[PDB]
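Presented as structure tokens, the chain that follows is alone, the form deposited in one PDB entry.
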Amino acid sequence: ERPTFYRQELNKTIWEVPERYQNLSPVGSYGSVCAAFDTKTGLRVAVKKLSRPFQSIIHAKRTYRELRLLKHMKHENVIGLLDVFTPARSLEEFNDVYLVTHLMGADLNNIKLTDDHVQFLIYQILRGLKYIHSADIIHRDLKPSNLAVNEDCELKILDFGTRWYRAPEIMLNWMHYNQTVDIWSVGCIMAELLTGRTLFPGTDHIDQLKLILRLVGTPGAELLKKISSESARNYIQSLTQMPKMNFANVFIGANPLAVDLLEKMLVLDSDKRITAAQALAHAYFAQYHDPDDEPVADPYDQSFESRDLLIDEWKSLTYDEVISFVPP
């Protein structure tokens, strides 16, 4: 059942892929990516050749992690795995991994948008996040360039886990953050789509926190009550007490429902931040929300993350995942 492969060089890089995929066009560079034509399905795909996937234990575990995540994602607003292949015929010669995904038109970084456009884009991000989060997965690095959009405005999240979109508790190095670090990111993205301007374009990590605190205000007593780190509490009590800004004044002219949702996403205290599922129910998405079509994910076994294995063992687990792959 093994297909016939064909070879070619692209940007000082040889590509060995099933004849199924045709007209490989480089799209730039973790991995080299080519645009291609899937003759089996008539669709345009992206083919990613991982670079040095098994170079070290850290790379090998990262390769396995990326394959396991992509094999799990089955949702309209999350990038899924169409195919995965290696030219190798055995574990012994297994050295290269190629991942095949839907070719998306552009990303949000390249795409000021109308409020109706922002509504539909953020709705789709949140629907994808509800699904990812329901599997106990956190994206951790959501940003416009990790959001693919086609000309129909259909959106998919990709490239799971720049400082401009990171939750303050990650900036301050909290070990026990929750899934709503991603909701902070969505809030930064949505703000940028509405205004045309990065919300918090910090020049470094200290400037980044200062910009965030200027908007959302310095932590309240209820939040300090929950801070364990001794420095963190002094640092918080030490810097100039900014007052929380009225978001309606900052996002002047925006739809009041958008301002209200932003207020619920950009909360400094992550215990109080809105979840993806809750945000889908916000009135801002009234014309798109469908509680019967915002599904959750099957459970995802992340137990491998806590394991310390040899480089060859991670490579063998990755090989098993290539062989066991079942296309959609």
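Between two forms, the rigid core is defined as the largest C-alpha subset superposing within 1.5 Å. The first residue of the sequence shown is number 1, and the count goes up from there.
Modelled in this chain, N249 is likewise resolved in all the other entries of the protein that span it on both sides, not missing from even a third of them. Annotation: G161 belongs to the positions left without coordinates in at least a third of the other compared entries, with flanking residues modelled. Gap check for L91 to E92: zero deposited residues are absent from the model. Count the deposited residues lacking coordinates between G161 and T162 and you get 10 or more of them.
The mean Cα B-factor in the deposited entry runs higher for 245 to 253 than for the other of 142 to 150 and 245 to 253. Between 254 to 262 and 101 to 109, it is 101 to 109 that carries the larger average Cα temperature factor according to the deposited entry. When the C-alpha B-factors of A221, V84, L172, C188 are ranked from the entry, the top spot goes to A221. Sorting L215, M73, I125, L239 by the CA temperature factor given in the entry leaves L239 at the top. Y177: CA B factor lies in the middle third for its chain, per the PDB record. The entry lists a Cα temperature factor for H289 that places it in the middle third of the chain's modelled residues. When the modelled residues of the chain are ordered by their C-alpha B factor, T198 lands in the lowest third.
Sort the chain's modelled residues by C-alpha temperature factor and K210 lands in the middle third, per the entry. When the modelled residues of the chain are ordered by C-alpha B-factor, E305 sits in the lowest third.
The same protein also has a form deposited with a small molecule bound, omitted here; what follows describes it.
This chain is displayed alone, yet in the deposited complex one of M73, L155, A191, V118 has a heavy atom within 4.5 Å of the small molecule; that residue is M73. Against the small molecule in the deposited complex, the set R62, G105 and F160 is in full contact: each member has a heavy atom within 4.5 Å. Although the partner is absent here, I132 sits close enough that one of its heavy atoms falls within 4.5 Å of the small molecule in the deposited complex.
Taking the partner from the other structure, the small molecule in the deposited complex has no heavy atom within 4.5 Å of any heavy atom of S185. Taking the partner from elsewhere, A279 is found to have every heavy atom lying beyond 4.5 Å of the small molecule in the deposited complex. When contacts are judged by a 4.5 Å heavy atom cut-off, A46 counts as touching the small molecule in the deposited complex. Checking 243 to 251, 193 to 201, 88 to 96, 74 to 82 against the small molecule in the deposited complex, the stretch whose residues place heavy atoms within 4.5 Å of it is 74 to 82. In a rigid core superposition between this form and the one not shown, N234 is the single residue of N246, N234, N150, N173 whose Cα is displaced by 2 Å or more.
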